[PDB]
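**Q** For reference, this is start_19.tsv, and it has TSV, N, CA and C atoms.
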```tsv
chain	number	residue	atom	x	y	z
A	1	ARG	N	-34.03	7.84	100.71
A	1	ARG	CA	-33.75	7.71	102.16
A	1	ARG	C	-33.01	6.41	102.47
A	2	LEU	N	-32.18	5.96	101.52
A	2	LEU	CA	-31.37	4.76	101.68
A	2	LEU	C	-32.23	3.56	102.08
A	3	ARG	N	-33.28	3.30	101.32
A	3	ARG	CA	-34.17	2.19	101.60
A	3	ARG	C	-33.48	0.86	101.33
A	4	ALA	N	-33.72	-0.12	102.18
A	4	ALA	CA	-33.08	-1.42	102.04
A	4	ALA	C	-33.90	-2.34	101.14
A	5	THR	N	-33.82	-2.09	99.84
A	5	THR	CA	-34.53	-2.91	98.87
A	5	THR	C	-33.54	-3.80	98.12
A	6	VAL	N	-34.05	-4.59	97.19
A	6	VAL	CA	-33.22	-5.50	96.42
A	6	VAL	C	-32.32	-4.73	95.45
A	7	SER	N	-31.06	-5.13	95.38
A	7	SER	CA	-30.10	-4.49	94.49
A	7	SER	C	-30.19	-5.10	93.10
A	8	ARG	N	-30.86	-6.23	93.01
A	8	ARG	CA	-31.10	-6.88	91.74
A	8	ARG	C	-32.26	-6.17	91.03
A	9	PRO	N	-32.11	-5.83	89.74
A	9	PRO	CA	-33.17	-5.18	88.96
A	9	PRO	C	-34.34	-6.12	88.67
A	10	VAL	N	-35.05	-6.51	89.71
A	10	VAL	CA	-36.19	-7.40	89.59
A	10	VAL	C	-37.31	-6.94	90.50
A	11	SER	N	-38.53	-6.98	89.99
A	11	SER	CA	-39.70	-6.64	90.77
A	11	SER	C	-39.93	-7.70	91.83
A	12	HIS	N	-40.05	-7.28	93.09
A	12	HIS	CA	-40.23	-8.24	94.18
A	12	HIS	C	-41.60	-8.90	94.08
A	13	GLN	N	-41.59	-10.12	93.57
A	13	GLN	CA	-42.82	-10.88	93.40
A	13	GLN	C	-42.90	-11.98	94.44
A	14	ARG	N	-44.08	-12.15	95.01
A	14	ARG	CA	-44.30	-13.14	96.05
A	14	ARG	C	-45.79	-13.27	96.33
A	15	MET	N	-46.18	-14.34	97.00
A	15	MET	CA	-47.58	-14.57	97.33
A	15	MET	C	-48.01	-13.63	98.44
A	16	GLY	N	-48.62	-12.52	98.05
A	16	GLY	CA	-49.00	-11.51	99.01
A	16	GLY	C	-48.65	-10.11	98.54
A	17	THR	N	-48.27	-9.99	97.27
A	17	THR	CA	-47.96	-8.70	96.68
A	17	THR	C	-49.23	-7.89	96.44
A	18	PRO	N	-49.16	-6.56	96.60
A	18	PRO	CA	-50.29	-5.66	96.38
A	18	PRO	C	-50.61	-5.48	94.89
A	19	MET	N	-50.71	-6.59	94.18
A	19	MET	CA	-51.02	-6.57	92.76
A	19	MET	C	-52.52	-6.69	92.55
A	20	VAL	N	-53.08	-5.76	91.78
A	20	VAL	CA	-54.50	-5.76	91.50
A	20	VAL	C	-54.87	-6.99	90.68
A	21	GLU	N	-55.86	-7.74	91.18
A	21	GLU	CA	-56.28	-9.00	90.57
A	21	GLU	C	-55.13	-10.00	90.56
A	22	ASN	N	-54.46	-10.12	91.70
A	22	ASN	CA	-53.37	-11.08	91.85
A	22	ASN	C	-53.92	-12.50	91.77
A	23	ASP	N	-53.12	-13.39	91.21
A	23	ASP	CA	-53.56	-14.76	91.01
A	23	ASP	C	-53.42	-15.57	92.29
A	24	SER	N	-54.25	-16.59	92.42
A	24	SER	CA	-54.14	-17.54	93.51
A	24	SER	C	-53.73	-18.89	92.95
A	25	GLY	N	-52.96	-18.83	91.88
A	25	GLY	CA	-52.60	-20.02	91.15
A	25	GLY	C	-52.57	-19.74	89.66
A	26	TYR	N	-51.46	-20.06	89.03
A	26	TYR	CA	-51.27	-19.79	87.62
A	26	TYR	C	-52.20	-20.63	86.75
A	27	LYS	N	-52.66	-20.03	85.66
A	27	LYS	CA	-53.64	-20.66	84.79
A	27	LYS	C	-52.97	-21.12	83.50
A	28	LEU	N	-53.51	-22.17	82.90
A	28	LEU	CA	-52.93	-22.75	81.70
A	28	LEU	C	-53.22	-21.89	80.48
A	29	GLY	N	-52.20	-21.69	79.66
A	29	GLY	CA	-52.34	-20.86	78.48
A	29	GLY	C	-51.85	-19.44	78.72
A	30	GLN	N	-51.44	-19.17	79.95
A	30	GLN	CA	-50.94	-17.85	80.31
A	30	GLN	C	-49.49	-17.69	79.85
A	31	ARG	N	-49.15	-16.48	79.45
A	31	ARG	CA	-47.82	-16.17	78.97
A	31	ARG	C	-47.00	-15.56	80.11
A	32	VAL	N	-45.85	-16.14	80.38
A	32	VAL	CA	-45.03	-15.70	81.50
A	32	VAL	C	-43.70	-15.15	81.04
A	33	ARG	N	-43.05	-14.40	81.92
A	33	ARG	CA	-41.80	-13.75	81.60
A	33	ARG	C	-40.84	-13.86	82.79
A	34	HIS	N	-39.65	-14.38	82.54
A	34	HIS	CA	-38.63	-14.51	83.59
A	34	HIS	C	-37.24	-14.34	83.00
A	35	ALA	N	-36.42	-13.52	83.65
A	35	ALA	CA	-35.08	-13.22	83.15
A	35	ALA	C	-34.17	-14.45	83.18
A	36	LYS	N	-34.60	-15.47	83.91
A	36	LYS	CA	-33.81	-16.69	84.05
A	36	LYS	C	-34.00	-17.64	82.87
A	37	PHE	N	-35.22	-17.72	82.36
A	37	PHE	CA	-35.55	-18.72	81.35
A	37	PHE	C	-36.14	-18.09	80.09
A	38	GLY	N	-36.49	-16.82	80.18
A	38	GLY	CA	-37.14	-16.16	79.08
A	38	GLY	C	-38.64	-16.10	79.28
A	39	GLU	N	-39.38	-16.04	78.19
A	39	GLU	CA	-40.83	-16.02	78.24
A	39	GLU	C	-41.37	-17.39	77.85
A	40	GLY	N	-42.49	-17.78	78.44
A	40	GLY	CA	-43.02	-19.09	78.15
A	40	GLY	C	-44.52	-19.15	78.30
A	41	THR	N	-45.09	-20.27	77.93
A	41	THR	CA	-46.51	-20.48	78.08
A	41	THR	C	-46.76	-21.66	79.02
A	42	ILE	N	-47.52	-21.41	80.07
A	42	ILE	CA	-47.83	-22.45	81.04
A	42	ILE	C	-48.81	-23.45	80.43
A	43	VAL	N	-48.31	-24.62	80.07
A	43	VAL	CA	-49.12	-25.61	79.38
A	43	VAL	C	-49.71	-26.62	80.36
A	44	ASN	N	-49.06	-26.77	81.51
A	44	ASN	CA	-49.52	-27.73	82.51
A	44	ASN	C	-49.12	-27.26	83.90
A	45	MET	N	-49.72	-27.85	84.92
A	45	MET	CA	-49.43	-27.52	86.30
A	45	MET	C	-49.73	-28.73	87.19
A	46	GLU	N	-49.10	-28.78	88.34
A	46	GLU	CA	-49.29	-29.89	89.27
A	46	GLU	C	-49.70	-29.38	90.64
A	47	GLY	N	-50.83	-29.86	91.13
A	47	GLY	CA	-51.30	-29.47	92.45
A	47	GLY	C	-51.74	-28.02	92.51
A	48	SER	N	-51.81	-27.48	93.71
A	48	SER	CA	-52.19	-26.09	93.92
A	48	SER	C	-51.55	-25.55	95.19
A	49	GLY	N	-51.42	-24.23	95.27
A	49	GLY	CA	-50.85	-23.61	96.45
A	49	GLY	C	-49.35	-23.47	96.36
A	50	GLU	N	-48.68	-23.67	97.48
A	50	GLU	CA	-47.23	-23.52	97.54
A	50	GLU	C	-46.54	-24.70	96.87
A	51	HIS	N	-47.18	-25.86	96.94
A	51	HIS	CA	-46.61	-27.08	96.39
A	51	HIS	C	-47.05	-27.29	94.95
A	52	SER	N	-47.56	-26.23	94.34
A	52	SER	CA	-47.96	-26.28	92.95
A	52	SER	C	-46.75	-26.09	92.06
A	53	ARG	N	-46.59	-26.96	91.09
A	53	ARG	CA	-45.50	-26.85	90.14
A	53	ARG	C	-46.06	-26.57	88.77
A	54	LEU	N	-45.49	-25.61	88.07
A	54	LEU	CA	-45.99	-25.23	86.77
A	54	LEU	C	-45.06	-25.73	85.68
A	55	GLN	N	-45.62	-26.38	84.68
A	55	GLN	CA	-44.86	-26.82	83.54
A	55	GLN	C	-44.98	-25.79	82.44
A	56	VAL	N	-43.94	-24.98	82.33
A	56	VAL	CA	-43.95	-23.84	81.43
A	56	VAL	C	-43.17	-24.14	80.16
A	57	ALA	N	-43.82	-23.99	79.02
A	57	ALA	CA	-43.17	-24.19	77.74
A	57	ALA	C	-42.45	-22.92	77.32
A	58	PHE	N	-41.16	-22.84	77.62
A	58	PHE	CA	-40.36	-21.70	77.21
A	58	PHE	C	-39.98	-21.85	75.74
A	59	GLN	N	-40.35	-20.87	74.94
A	59	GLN	CA	-40.16	-20.94	73.50
A	59	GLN	C	-38.69	-20.87	73.12
A	60	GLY	N	-37.86	-20.49	74.08
A	60	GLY	CA	-36.43	-20.42	73.84
A	60	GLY	C	-35.69	-21.62	74.39
A	61	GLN	N	-36.42	-22.63	74.84
A	61	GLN	CA	-35.80	-23.83	75.37
A	61	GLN	C	-36.77	-25.01	75.33
A	62	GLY	N	-37.72	-25.03	76.26
A	62	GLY	CA	-38.67	-26.12	76.33
A	62	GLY	C	-39.51	-26.05	77.59
A	63	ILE	N	-40.22	-27.14	77.89
A	63	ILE	CA	-41.09	-27.19	79.05
A	63	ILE	C	-40.28	-27.45	80.32
A	64	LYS	N	-40.45	-26.59	81.30
A	64	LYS	CA	-39.74	-26.70	82.57
A	64	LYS	C	-40.72	-26.71	83.73
A	65	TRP	N	-40.26	-27.22	84.87
A	65	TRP	CA	-41.07	-27.27	86.07
A	65	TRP	C	-40.69	-26.14	87.02
A	66	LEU	N	-41.64	-25.24	87.26
A	66	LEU	CA	-41.41	-24.11	88.14
A	66	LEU	C	-42.35	-24.18	89.34
A	67	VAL	N	-41.80	-24.36	90.53
A	67	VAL	CA	-42.60	-24.38	91.75
A	67	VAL	C	-43.25	-23.02	91.96
A	68	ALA	N	-44.57	-22.97	91.79
A	68	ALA	CA	-45.33	-21.72	91.72
A	68	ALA	C	-44.93	-20.70	92.80
A	69	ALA	N	-44.75	-21.16	94.03
A	69	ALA	CA	-44.43	-20.28	95.14
A	69	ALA	C	-43.08	-19.59	94.95
A	70	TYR	N	-42.12	-20.31	94.39
A	70	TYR	CA	-40.77	-19.78	94.21
A	70	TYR	C	-40.55	-19.37	92.76
A	71	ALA	N	-41.49	-19.73	91.91
A	71	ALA	CA	-41.43	-19.39	90.50
A	71	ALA	C	-41.60	-17.90	90.32
A	72	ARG	N	-42.76	-17.39	90.73
A	72	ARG	CA	-43.03	-15.96	90.72
A	72	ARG	C	-42.82	-15.38	89.32
A	73	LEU	N	-43.67	-15.81	88.40
A	73	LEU	CA	-43.58	-15.40	87.01
A	73	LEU	C	-44.37	-14.12	86.79
A	74	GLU	N	-43.88	-13.27	85.90
A	74	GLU	CA	-44.58	-12.06	85.54
A	74	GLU	C	-45.36	-12.30	84.25
A	75	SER	N	-46.60	-11.86	84.22
A	75	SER	CA	-47.44	-12.07	83.06
A	75	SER	C	-47.06	-11.09	81.95
A	76	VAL	N	-46.83	-11.63	80.75
A	76	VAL	CA	-46.50	-10.80	79.61
A	76	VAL	C	-47.70	-9.95	79.22
```
Could you write out this structure as structure tokens?
**A**
Amino acid sequence: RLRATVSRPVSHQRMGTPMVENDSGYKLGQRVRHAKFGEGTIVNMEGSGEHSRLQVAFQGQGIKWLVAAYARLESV
């Protein structure tokens, strides 16, 4: 029915998605997946909530800082 969704092949992830057992903050040791940086392991994090930044060790590059609210990582 010509729905106005994203034309980018990406699952719309955000704080408030109808995901069963959705996180309220990423946990350390979790494996993440992102088409921008690849897959990584969250080794550290800063703060909590929207201003939370995650230090993700991407095995294809290195540790990066991802602002949790805008990061929106998918769990492997």
**Q** For residue 16 in chain A, which residue out of A:2, A:69, A:74, A:60 is the nearest one, using only C-alpha atoms?
**A**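 Once distances to residue 16 in chain A are computed over only C-alpha atoms, the minimum belongs to A:69.
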**Q** Distance CA of residue 30 in chain A-CA of residue 5 in chain A, one decimal place?
**A**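 Interatomic distance, CA of residue 30 in chain A to CA of residue 5 in chain A: 28.9 Å.
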**Q** Using all atoms listed in the file, pick whichever of A:4, A:18, A:29, A:37 has the shortest atom-to-atom distance to residue 61 in chain A.
**A**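 Checking each of A:4, A:18, A:29, A:37 against residue 61 in chain A, counting all atoms listed in the file, the winner is A:37.
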**Q** Can you work out the spacing between atom N of residue 8 in chain A and CA of residue 70 in chain A in Å, to one decimal?
**A**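 Those two atoms sit 16.8 Å apart.
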**Q** Record the distance separating CA of residue 50 in chain A and atom N of residue 68 in chain A, expressed in Å with one decimal.
**A** 6.4 Å
**Q** Of the residues A:34, A:53, A:27, A:1, which is the one nearest to residue 13 in chain A, using only C-alpha atoms?
**A**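 Nearest to residue 13 in chain A: A:34.
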**Q** Which residue out of A:71, A:21, A:6, A:40 has the minimum interatomic distance to residue 56 in chain A when all atoms listed in the file are used?
**A** A:40
**Q** Give as a PDB file with N, CA and C atoms, in the coordinates of the input every residue, naming chains and numbers as the document does, that has an atom within 8 Å of (-42.9, -22.4, 84.1), counting all atoms listed in the file.
**A**
```pdb
ATOM      1  N   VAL A  32     -45.850 -16.140  80.380  1.00  0.00           N
ATOM      2  CA  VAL A  32     -45.030 -15.700  81.500  1.00  0.00           C
ATOM      3  C   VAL A  32     -43.700 -15.150  81.040  1.00  0.00           C
ATOM      4  N   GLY A  40     -42.490 -17.780  78.440  1.00  0.00           N
ATOM      5  CA  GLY A  40     -43.020 -19.090  78.150  1.00  0.00           C
ATOM      6  C   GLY A  40     -44.520 -19.150  78.300  1.00  0.00           C
ATOM      7  N   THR A  41     -45.090 -20.270  77.930  1.00  0.00           N
ATOM      8  CA  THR A  41     -46.510 -20.480  78.080  1.00  0.00           C
ATOM      9  C   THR A  41     -46.760 -21.660  79.020  1.00  0.00           C
ATOM     10  N   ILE A  42     -47.520 -21.410  80.070  1.00  0.00           N
ATOM     11  CA  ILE A  42     -47.830 -22.450  81.040  1.00  0.00           C
ATOM     12  C   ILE A  42     -48.810 -23.450  80.430  1.00  0.00           C
ATOM     13  N   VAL A  43     -48.310 -24.620  80.070  1.00  0.00           N
ATOM     14  CA  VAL A  43     -49.120 -25.610  79.380  1.00  0.00           C
ATOM     15  C   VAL A  43     -49.710 -26.620  80.360  1.00  0.00           C
ATOM     16  N   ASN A  44     -49.060 -26.770  81.510  1.00  0.00           N
ATOM     17  CA  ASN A  44     -49.520 -27.730  82.510  1.00  0.00           C
ATOM     18  C   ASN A  44     -49.120 -27.260  83.900  1.00  0.00           C
ATOM     19  N   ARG A  53     -46.590 -26.960  91.090  1.00  0.00           N
ATOM     20  CA  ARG A  53     -45.500 -26.850  90.140  1.00  0.00           C
ATOM     21  C   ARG A  53     -46.060 -26.570  88.770  1.00  0.00           C
ATOM     22  N   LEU A  54     -45.490 -25.610  88.070  1.00  0.00           N
ATOM     23  CA  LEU A  54     -45.990 -25.230  86.770  1.00  0.00           C
ATOM     24  C   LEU A  54     -45.060 -25.730  85.680  1.00  0.00           C
ATOM     25  N   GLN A  55     -45.620 -26.380  84.680  1.00  0.00           N
ATOM     26  CA  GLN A  55     -44.860 -26.820  83.540  1.00  0.00           C
ATOM     27  C   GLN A  55     -44.980 -25.790  82.440  1.00  0.00           C
ATOM     28  N   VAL A  56     -43.940 -24.980  82.330  1.00  0.00           N
ATOM     29  CA  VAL A  56     -43.950 -23.840  81.430  1.00  0.00           C
ATOM     30  C   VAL A  56     -43.170 -24.140  80.160  1.00  0.00           C
ATOM     31  N   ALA A  57     -43.820 -23.990  79.020  1.00  0.00           N
ATOM     32  CA  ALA A  57     -43.170 -24.190  77.740  1.00  0.00           C
ATOM     33  C   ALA A  57     -42.450 -22.920  77.320  1.00  0.00           C
ATOM     34  N   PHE A  58     -41.160 -22.840  77.620  1.00  0.00           N
ATOM     35  CA  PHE A  58     -40.360 -21.700  77.210  1.00  0.00           C
ATOM     36  C   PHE A  58     -39.980 -21.850  75.740  1.00  0.00           C
ATOM     37  N   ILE A  63     -40.220 -27.140  77.890  1.00  0.00           N
ATOM     38  CA  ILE A  63     -41.090 -27.190  79.050  1.00  0.00           C
ATOM     39  C   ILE A  63     -40.280 -27.450  80.320  1.00  0.00           C
ATOM     40  N   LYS A  64     -40.450 -26.590  81.300  1.00  0.00           N
ATOM     41  CA  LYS A  64     -39.740 -26.700  82.570  1.00  0.00           C
ATOM     42  C   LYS A  64     -40.720 -26.710  83.730  1.00  0.00           C
ATOM     43  N   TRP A  65     -40.260 -27.220  84.870  1.00  0.00           N
ATOM     44  CA  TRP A  65     -41.070 -27.270  86.070  1.00  0.00           C
ATOM     45  C   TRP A  65     -40.690 -26.140  87.020  1.00  0.00           C
ATOM     46  N   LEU A  66     -41.640 -25.240  87.260  1.00  0.00           N
ATOM     47  CA  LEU A  66     -41.410 -24.110  88.140  1.00  0.00           C
ATOM     48  C   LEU A  66     -42.350 -24.180  89.340  1.00  0.00           C
ATOM     49  N   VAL A  67     -41.800 -24.360  90.530  1.00  0.00           N
ATOM     50  CA  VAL A  67     -42.600 -24.380  91.750  1.00  0.00           C
ATOM     51  C   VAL A  67     -43.250 -23.020  91.960  1.00  0.00           C
ATOM     52  N   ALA A  68     -44.570 -22.970  91.790  1.00  0.00           N
ATOM     53  CA  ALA A  68     -45.330 -21.720  91.720  1.00  0.00           C
ATOM     54  C   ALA A  68     -44.930 -20.700  92.800  1.00  0.00           C
ATOM     55  N   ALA A  71     -41.490 -19.730  91.910  1.00  0.00           N
ATOM     56  CA  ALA A  71     -41.430 -19.390  90.500  1.00  0.00           C
ATOM     57  C   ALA A  71     -41.600 -17.900  90.320  1.00  0.00           C
ATOM     58  N   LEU A  73     -43.670 -15.810  88.400  1.00  0.00           N
ATOM     59  CA  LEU A  73     -43.580 -15.400  87.010  1.00  0.00           C
ATOM     60  C   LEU A  73     -44.370 -14.120  86.790  1.00  0.00           C
TER      61      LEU A  73
END
```
**Q** Give the helix (DSSP H, G or I) residues of chain A, as DSSP finds them on the backbone, and put them as a list in words.
**A** residues 49, 50, 51, 68, 69, 70 and 71 of chain A
**Q** What residues in chain A get the DSSP label strand (DSSP E or B)? Please answer as a list in words.
**A**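 Filtering chain A to strand (DSSP E or B) leaves residues 31, 32, 33, 34, 38, 39, 40, 41, 42, 43, 44, 45, 46, 53, 54, 55, 56, 57, 58, 63, 64, 65, 66, 67, 74 and 75 of chain A.
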**Q** Take every atom of range 3-7 of chain A listed in the file, pad by 5 Å on each side, and give me the axis-aligned box centre and edge lengths in Å, one decimal, as lines of an AutoDock Vina configuration file.
**A**
```
center_x = -32.3
center_y = -1.1
center_z = 97.6
size_x = 14.4
size_y = 18.8
size_z = 19.1
```
